[PDB]
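Here Cβ is always computed from backbone atoms with ideal geometry, including for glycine, and neighbour counts include all displayed protein chains. Coordinate-derived values only; no laboratory data.
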């Protein structure tokens, strides 16, 4: 789910 | 800003 | 007296076997290189002058020619990569690291500035500067009881350079160098000078970009609190890197994210998500999307701070890049949320502006919104309300939009669009 950067 | 030119003391 | 010589004049004098004759030419060259309009860097380089300048740096006898070389060489290093390379090839680096020990503040300052330009150029030079041992004496300039006894410009320069030793990412700076720099960094993060605070935040920002192991290093120094105070600053040169630091931290682990929330960051976001500077708005919404991509405990904190209305707000009317981040915020939220949480999102008026963005020349976002619209319906099935939900979507013109998307230049877009029409229309 998390999106770097 | 990555690099910097000195133009006066 | 030494204003506007020819480069031919500068060469003739610097080649003379006369130290005062050389000093006046090196002062001519410096005034050339620090003029406002286009400085003649390539003629100087091509004149063959970098090596004689580099040698003047070691003339501890003549303090003033050290300064003028340092300055000249600084300004050559401030140009293109090919140009910085000329300075580095001359053997400048070990020479400047020597100058850091100088008893003359204005000379050590200049060597700081110069190393700054050299490390600023990119990963390879940054790493070379560290291999030559710059970090030990740089930090020793800061070994004082109280930073305020240092001169403004000095401190600011010194901060800018440390900041370039953290910059440039792949390859990220050596873990060993980072471990050593962080205490001084944390200390600068607490100094009251907006420029010092700006470049400190930029450094942290640089460090916290990348792998979660890197994030941990920083967060374990307990700077997350101070970062959030900076988040509420009024000077946009401070808020911007402060915000990018916080936003980097919350791409990491849930435990890392919770340090940010626990530190009260969410209280600042109504201000940040309605900020006039577009660049702030876009990065604040991006930050939100990586919080709503967290634990249900953590999503609920987004809710309690009344941030969902602000997301609905950004979805409604920001510039497109910001709206693109807002979609992710909503998709991530509907991926990890309670039944009750997805209901709240709908009750805050999420459906109408979600549909307007189905009319956007981008597939990437359409893919995102469709996935979001899906998860809402799935929560609608678990509460038996998919009737009322499909009405809303039609009553606001969503189905006019959705239907026409089966006829779309894309595989998984035409797929998921008509997958909805099947199961619900």
Note on chain C: contact order normalised by length, alpha-carbon pairs under 8 Å, 6 or more apart, percent, works out to 7 percent
Each residue of C:208-217 has, on average, a number of other protein chain C-beta atoms within 10 Å of its C-beta equal to 1
Packing-ranked peptide list from C:116-127, C:263-274, highest mean Cβ count within 10 angstrom first, is C:116-127, C:263-274
Longest principal axis of chain C (C-alpha) makes with the long axis of helix C:105-120 (C-alpha) an angle, in degrees to the nearest 10, of 50 degrees
Going fewest to most other Cβ atoms within 10 Å around each Cβ, C:287, C:60 line up as C:60, C:287
The alpha-carbon pair-distance distribution computed for chain C, with 20 angstrom bins and whole-percent values, is 23, 39, 26, 11, 1
Averaged over the residues of C:31-44, the number of partner chain Cβ atoms within 10 Å of each residue's own Cβ comes to 1
Per the helix-only model, chain C has a calculated mean residue ellipticity at 222 nm (DSSP H runs of ≥4, -39500 (n - 2.57) each, divided over all residues, rounded to the nearest 500) of -21000 deg cm²/dmol
Over all pairs of different Cα atoms in segment C:1-130, the reciprocal of the mean inverse distance gives a Kirkwood radius in Å of 14.4 Å
Checking rank on C:295-307, C:144-156, with mean other Cβ inside 10 Å and highest first, the result is C:295-307, C:144-156
Fewest to most Cβ atoms within 10 Å: C:288, C:217 sort as C:217, C:288
Expressed as a whole number, the average count of other chain Cβ atoms within 10 Å around the Cβ atoms of C:68-75 is 2
Nearest 10, in degrees from 0 to 90: the angle of helix C:236-249 to the longest Cα principal axis of chain C is 60 degrees
So the angle from the long Cα axis of helix C:175-188 to the longest Cα principal axis of chain C, reported in degrees to the nearest 10, equals 90 degrees
Candidates C:230, C:185, C:141; GNM for chain C (alpha-carbon contacts under 10 Å) flags as most fluctuating C:141
The rounded separation in angstrom of the Cα centers of segment C:305-368 and segment C:89-160 is 47 Å
Assertion target for C:424, C:206, ordered by fewest C-beta neighbours within 10 angstrom first, is C:424, C:206
